[PDB]
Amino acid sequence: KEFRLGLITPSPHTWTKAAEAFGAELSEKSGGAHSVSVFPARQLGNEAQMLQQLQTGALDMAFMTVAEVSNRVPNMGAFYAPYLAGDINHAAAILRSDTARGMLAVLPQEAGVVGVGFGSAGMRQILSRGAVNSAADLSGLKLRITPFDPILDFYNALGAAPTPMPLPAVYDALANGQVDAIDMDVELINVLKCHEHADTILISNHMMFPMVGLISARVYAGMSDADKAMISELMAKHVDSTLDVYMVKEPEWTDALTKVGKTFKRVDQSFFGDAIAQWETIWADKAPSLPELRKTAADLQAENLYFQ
């Protein structure tokens, strides 16, 4: 079978490379019986559209933001608790935990997809066209976000003016003043060159940004038993590989952003004042897995079970 695999990420992005690597290995491991055609850069639609077509089976596979999935399955919102992870290495350990993996079990019924495992992109950061010396400076700023509720809620609690916008429009929106600031990770700040019209780069690491490898449940049900196992295991391997890329490259891409002639500062949880508390109140009755995920995160840190 010729499977199609969609992503919203541009071609240089880690996810896109991982999807191509997965496709190559599936072709080889299947002895040519199967192939994967990868469609990056939103070629097949936006992420919401792609999830709709995974649900029907019109689209076979995706490497998808857990952000979009959370629009369908609000418990996925638990991963976005601010400062749940202290850094990318902590985040990877959380996403590999039994607690996280258990949350995948609901996807076939609730979203019509099989989630094989979690990967990630980098941590979230903030880039602004003006000076930012405290959280008050974010008040009223038109601030680009990924279109999902956890991040909307964080910025609403801070009093910014969050504005959902897909990746391709962001550089132009900054250049032309349609937004004053953006929420984005260091990989894409580098790749999309969004620092060019920014004043200040804030390395806040305020939220993680998981990825999930998805197979349409309708398509999965049509696979042989051997292929269900082989394809899901192979996809899980490639999705998991992204965690190791970010564990290595996050600080490298971050250091690159000290070389673009802008004001560069690192901030921690205290910078955000009461927004973190407000976020917890909003999400307490929306994401029941949150207390267990917090316990898992805390135990991983206490037992030093990742590189730190």
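Heads up: residue numbers just count along the shown sequence, starting at 1.
When 134 to 142 is weighed against 184 to 192, 134 to 142 comes out higher, by mean CA B-factor as recorded in the entry. Relative to its counterpart among 124 to 132 and 88 to 96, 124 to 132 has the higher mean temperature factor, C-alpha atoms as listed in the PDB entry. Which of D60, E28, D244, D255 has the largest Cα B-factor in the deposited entry comes down to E28.
Take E68, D268, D240, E280 and read off each C-alpha B-factor from the entry; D268 has the highest. Per the deposited record, the Cα B-factor of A229 falls in the highest third when ranked against the other modelled residues of its chain. In the deposited entry, the Cα temperature factor of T163 places it in the middle third of its chain's modelled residues. In the deposited entry, the Cα temperature factor of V114 sits in the bottom third of values across the chain's modelled residues. Per the PDB record, residue ranking by Cα B-factor puts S35 in the highest third of the chain. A24 sits in the highest third of its chain by CA B factor, as recorded in the PDB entry.
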